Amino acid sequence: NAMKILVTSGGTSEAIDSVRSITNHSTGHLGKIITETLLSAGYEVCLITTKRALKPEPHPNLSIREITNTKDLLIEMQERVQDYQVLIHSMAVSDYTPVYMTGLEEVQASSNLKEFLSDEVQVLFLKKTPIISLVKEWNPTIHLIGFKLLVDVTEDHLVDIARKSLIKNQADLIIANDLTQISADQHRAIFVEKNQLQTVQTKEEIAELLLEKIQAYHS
């Protein structure tokens, strides 16, 4: 019976205080197209997404879980990851988490900035969040696909960053893309693997190639 795929899409938020949050914007359009492609291929999909993200139409093999933050996402991954054979992580999540916000004068006065890690101008300190790098621990046979979005970089740098992420997350595939190469009718991406690259030029092509990769991976 049906193979089970976990897909994330949309963008998380992280509160700074009672008034402010760091928020991530992604319409989750590509996640929606990918999910639709997988549903049509006969896969069972659990889509972990956010409030306003684009969603596929209801489908008997589709379930949707809305979350808000990194905590929620971490919880889902621990709960579900052992039960799924593929994870495609396309949700925008901040790699840095807000820790402390204070006036510049306090910061200026400090003899040691590492202290802040435990009024004209404000200063916000964020620390590395470190996730997906724990997924292969929890289910070392899950097929792990992630994305890397950079902005106005060389394609060599893009591949290099994607490859580092591939090694770090023990991912099987990183789909790398540059904001400046995505437009209304084009979406250049590089499918980055340990020992090969492939480029595609549109969202439909990303979804179809990903399907091919998933089918080949699972025979």
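Residue positions are given as counts along the sequence shown, with the first one as 1.
Between residue 130 and residue 131 - deposited residues without coordinates, as a size class: Gap between residue 130 and residue 131: 1 to 3 unmodelled residues.
Sequence continuity check, residue 82 and residue 83 (deposited residues unmodelled): None; the chain is continuous from residue 82 to residue 83.
68-76 or 144-152, whichever carries the higher mean Cα B-factor: If you average the C-alpha B-factors of 144-152 and of 68-76, the larger mean comes out for 68-76.
Selected stretch [higher average CA B-factor]: 134-142 or 82-90: Averaging CA B-factors over each stretch, the winner is 134-142.
Given 51, 59, 157, 188, the residue at which the Cα B factor reaches its maximum: Comparing C-alpha B-factors across 51, 59, 157, 188, the maximum falls on 51.
Third of the chain, ranked by Cα B-factor, where residue 3 sits: Its C-alpha B-factor belongs to the highest third of this chain's values.
B-factor third for the C-alpha atom of residue 194 within its chain: As the PDB entry reports it, the C-alpha B-factor of residue 194 lands in the middle third of its chain.
Third of the chain's Cα B-factor distribution that residue 183 belongs to, per the entry: Tercile = middle for this residue's CA B-factor.
CA B-factor ranking of residue 168, expressed as a third of its chain: Its C-alpha B-factor, which the entry lists for residue 168, ranks in the highest third among residues of this chain.
Third of the chain's Cα B-factor distribution that residue 117 belongs to, per the entry: According to the entry, residue 117 has a C-alpha B-factor in the chain's highest third.
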